[PDB]
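Visitor: Pasting a structure below so you can have a look.
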Amino acid sequence: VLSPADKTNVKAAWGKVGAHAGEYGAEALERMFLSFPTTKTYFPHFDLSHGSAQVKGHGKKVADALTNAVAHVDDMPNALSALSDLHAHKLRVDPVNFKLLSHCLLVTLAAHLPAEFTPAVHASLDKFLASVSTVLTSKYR
Amino acid sequence: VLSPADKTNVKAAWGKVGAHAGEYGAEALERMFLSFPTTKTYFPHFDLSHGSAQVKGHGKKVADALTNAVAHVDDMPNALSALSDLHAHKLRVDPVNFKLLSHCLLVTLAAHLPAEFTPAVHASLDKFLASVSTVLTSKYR
Amino acid sequence: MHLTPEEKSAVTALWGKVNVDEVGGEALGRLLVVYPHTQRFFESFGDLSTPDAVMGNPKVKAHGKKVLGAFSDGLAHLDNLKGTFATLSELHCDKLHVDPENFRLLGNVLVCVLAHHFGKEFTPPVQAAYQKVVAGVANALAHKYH
Amino acid sequence: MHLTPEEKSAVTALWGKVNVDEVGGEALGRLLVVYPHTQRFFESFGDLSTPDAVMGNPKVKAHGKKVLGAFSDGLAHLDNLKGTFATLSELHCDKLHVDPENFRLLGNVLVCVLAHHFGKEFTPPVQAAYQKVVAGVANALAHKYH
Ligand code: HEM
Ligand code: HEM
Ligand code: HEM
Ligand code: HEM
C-alpha cells in the first residue's frame, strides 16, 4: 500500500517527467525488448527495430496511462478498470512480464532524472509500479 | 478475487482434509525442502531430517492457520493480520517462497484426495493459496 | 540439469507406468482451467468456457497427447535436452510466439497431475526429481529464444 | 557465460570508470531501503529505520564496497563465474543462510545505480549486457546451495 510520502514522491518525480513521458515510455520498452527478449513474444505484429513508430506510439500510450494513474493515485482500481479488463480478457500477458517492464521504467527514470532519483523516491516508484501491475492483473481469473 | 464457487470449492476440499491437516502441513514442508532447497535458508535452526518433530509441529501450525483462513474466507485480511505482521516485520521471507510452498500444498492435496481434486477444485485451491500469500506479504513495505 | 543416477532411475521408473495419451490431455486441460490466460494461444480450439468444455474438448486432448509425446521423448535423452528440443524451441519462439513462462506453468501442473494419479507413490524425493526434470525441459524449450 | 565480444567489451569498458567504493555503498544502501525485508541479515549494523540512516551507515558503506569488490573480481573471470564464486556460494548457503533471490534483487538495484551514475552512456545495449552479467553472477552465487 502506498503511503502519503509515497504518493508525494511519485507525484513529484513524474512531474519532472513532464513532456518526456512519451520518449521515456519508448525508451523503457526498448530497454525491455533488448534485455528481456521473451517479452517480444507479445508484440509479433510490431516492427521492433530501433526507432520504430509502433514502439514510439506504444510508448506514448503506456506513459499516458501511468500519468493517469499518478493523478488518480488514491483511486487506481477505478481509473484503470478498462486497461485492467483489456489485459485480462484480450492481451493476457503473463504476470511476470510486468516486473520486467517496471524495472526498465525505473532504469529509464534513473538515467534521465539523476538529482531526483534519490533512494526514498526509487523506493516509492518501485512500489507504485508494483501497484499498477497488481491492478492490471487483478481480473485474470 | 474468490468467487462464490471458489469459496464453496475450498470449504469442501478443506473439510475432506479434516483431522489430517497437520500431517499434510508437514508433508508439504518436507516436499518444499527437498524440491526447493533454497527454502531451507529460513530454518537454519530446525532439524530437517525425515520425521523431524520440529517439522511436524510447524506443519501443524501452518495447517491451523490455513484452517483459520477457510473459516474466515470472507474476512481473510483481518483473520490473518497477526500472521502478516510477523512475516513482514520479523521473518521477512522473500515473497517468491510463498509460491513454492503453495505449490507443495497442492501437490500434497492431490496426492491424498484423488476424488475431490478435480480441475475446478484445483483452480479454486490455487486461487485461495495465492490470496493467502498476498495477505501475508501485504505489509512488507 | 544435474540429475543423480538415483533421481534418473526414479524418474524413468515412474514414467513407465504413465498413459501419456490420458496424462497429456489432463495436463494441458488443467493448465487452461487453472491459468485461463494461457487460453490466448488456443482460440481455434472452440469452446473453452467451462471446466467441462475444456477437459472434454477433443482438440485439447489431441494437443495434450502431442505435447506429452514430445515430452516423453525428452525423457529418453536426459543428458541432451537442449539438442533434443532445439527445433521445437525455435518453432515456439519464431512461429507460435509463446512466452516461455508458459512452459514452467505447464511443468508445475504436470507435477500435480502426476501426484493426483499416483498418490503415495509420488514421494517427496520422487517429486524433487520431477521438479528438476520439468525445469530442465522448460529451459531447453526456451534456449533458442531471441 | 553467453556473452558476445561486443557485449563483453561494453561491460569491461564501462566498469573501468566505476568508483567501486561509491557504487557498492549506494547499491547495498538502496537495496535495504527499497526492499526492506533484506534488512534481516544486517540487524547488527545499526540504525536502518530511515533511508538517511541507511545511506549514512558506515558499516553498510563498507559492506557495499566489499560486495562490489568481489563482483568486480568476477568480471575478469567471465568465462568461469561458477568456479570463481564457488566458495562464496558455499559460505552464503552454509554459514550466512542468504536466500539466493536476494542476489537477483541486488543485481537489479545495481543496474539502476549504474544508470543513475552514467546517464546517457548507460544505453539500452549496454544495459542488456549488464543484465546478462548480473543474472550470471546470481546464478554462480546460487550454484552450491543444497
Ligand atoms: C506498466 C505496466 C503497463 C501498462 C500501464 C500498460 C498499458 C497499456 C496501454 C495504455 C495499452 C494501450 C491500450 C489501447 O490501445 O487502448 C496497452 C496495450 C498493450 N499492452 Fe500493456 N501496459 C503495461 C504492461 C504491459 C506488459 C508488461 C506487456 C507485455 C510484455 C504489455 C503488452 C501489451 C500489448 C501487446 C498491447 C497491445 C499492443 C498493440 O496491439 O498495439 N503491456 N498497455
Ligand atoms: C501458506 C503460507 C504460510 C503460512 C500460512 C505460514 C504460517 C506460519 C505460522 C502460523 C507460523 C507460526 C509462528 C508462531 O508461532 O506464531 C509461521 C512461522 C514461520 N514461517 Fe510462515 N507461513 C507460510 C509460508 C512461509 C514460507 C514460504 C516461509 C519461507 C520459506 C515461511 C517461513 C517461516 C518461518 C522461518 C517461521 C518461524 C519458524 C520458527 O522458528 O518457529 N513461512 N508461519
Ligand atoms: C512441455 C512443453 C511443450 C512441449 C514439449 C510442446 C510440444 C509441442 C509440439 C510437438 C507441437 C506441434 C508442433 C507442430 O505443429 O509442428 C506443439 C505445438 C503447439 N504448442 Fe507447444 N509444447 C509445449 C508446451 C506448450 C505450452 C505451455 C503452450 C502454450 C500454453 C504451447 C503452445 C503450442 C501451440 C499453440 C502449438 C500449435 C497448436 C496448433 O497446431 O494449433 N505449447 N507443441
Ligand atoms: C552481488 C552478489 C554478492 C556478492 C558478490 C557478495 C559478496 C560477499 C563477500 C565477498 C562477503 C565477505 C565474505 C567473508 O568475509 O568471508 C560477503 C559477506 C556477506 N554477504 Fe554477500 N555478497 C552478495 C550479495 C549479498 C546479499 C544480497 C546479501 C543479503 C542481502 C548478502 C549477505 C552477506 C552477508 C550477511 C555477509 C556477512 C557480513 C558480515 O560479516 O556480517 N550478500 N558477501
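Note that the numbers count up from 1, one per residue, in the order the chain is shown.
Just so you know, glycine gets a Cβ as well, placed from its N, Cα and C.
Pasting the feature list from Swiss-Prot:
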type	residues	note
CARBOHYD	C:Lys8	glycation site
MOD_RES	C:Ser9	phosphoserine
MOD_RES	C:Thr12	phosphothreonine
CARBOHYD	C:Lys17	glycation site
MOD_RES	C:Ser44	phosphoserine
MOD_RES	C:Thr50	phosphothreonine
SITE	C:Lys59	site 'Not glycated'
MOD_RES	C:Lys59	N6-acetyllysine
BINDING	C:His63, C:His92	heme b binding site
CARBOHYD	C:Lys66	glycation site
SITE	C:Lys82	site 'Not glycated'
MOD_RES	C:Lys82	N6-acetyllysine
MOD_RES	C:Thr87	phosphothreonine
MOD_RES	C:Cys93	S-nitrosocysteine
SITE	C:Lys95	site 'Not glycated'
CARBOHYD	C:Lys120	glycation site
CARBOHYD	C:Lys144	glycation site
MOD_RES	C:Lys144	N6-acetyllysine
Visitor: Out of the recorded positions C:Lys17, C:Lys82, C:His92, give me the one sitting nearest to C:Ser9 (phosphoserine) by CA distance.
Guide: C:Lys17
Visitor: Is it possible to get the count of other C-beta atoms within 10 angstroms of the C-beta of the residue listed as 'S-nitrosocysteine'?
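Guide: By my count, 22.
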Visitor: Under a three-state reduction of DSSP output, how is C:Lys17 (glycation site) classified: helix, strand, or coil?
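Guide: It is coil.
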Visitor: With a CB cutoff of 8 A to chain A, go through the recorded positions C:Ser44, C:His63, C:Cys93 and name the hits, or write none.
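Guide: Sorted by position along the sequence, the hits are C:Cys93.
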Visitor: For chain B, give the subset of the recorded positions C:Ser44, C:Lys82, C:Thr87, C:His92, C:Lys120 whose C-beta is less than 8 angstroms from one of that chain's C-beta atoms, in sequence order, otherwise 'none'.
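Guide: In terms of proximity to chain B, the recorded positions that count are C:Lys120, given in sequence order.
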Visitor: Looking only at Cβ atoms, how many others are within 10 Å of the one on C:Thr87 (phosphothreonine)?
Guide: 10
Visitor: Which one is it: of the recorded positions C:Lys8, C:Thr50, C:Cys93, C:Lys95, C:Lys144, whose Cα lies the shortest distance from the Cα of C:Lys17 (glycation site)?
Guide: C:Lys8
Visitor: Between the Cα atoms of C:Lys144 (glycation site) and C:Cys93 (S-nitrosocysteine), find the distance and write it as a whole number of Å.
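Guide: Cα of C:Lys144 (glycation site) to Cα of C:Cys93 (S-nitrosocysteine) measures 7 Å after rounding.
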Visitor: Where C:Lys8 (glycation site) and C:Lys95 (site 'Not glycated') are concerned, what is their Cα separation in Å, rounded?
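Guide: That comes out at 33 Å between the alpha carbons.
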Visitor: Which of these modified residues has the least crowded Cβ, counting other Cβ atoms within 10 Å: C:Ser9, C:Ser44?
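Guide: Across C:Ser9, C:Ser44, these modified residues, the one with fewest Cβ atoms within 10 Å is C:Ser44.
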Visitor: Which recorded positions out of C:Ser9, C:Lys66, C:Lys82, C:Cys93, C:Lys120 lie by ligand 3, going by a Cβ under 6 Å?
Guide: C:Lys66
Visitor: Counting across all protein chains shown, how many other Cβ atoms sit within 10 Å of the Cβ of C:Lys59 (site 'Not glycated')?
Guide: 13
Visitor: Reported as an integer number of Å, what is the Cα distance between C:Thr12 (phosphothreonine) and C:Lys82 (site 'Not glycated')?
Guide: 19
Visitor: For C:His63 (heme b binding site), just count the other CB atoms lying within 10 A of its CB, please.
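Guide: I get 18 for this one.
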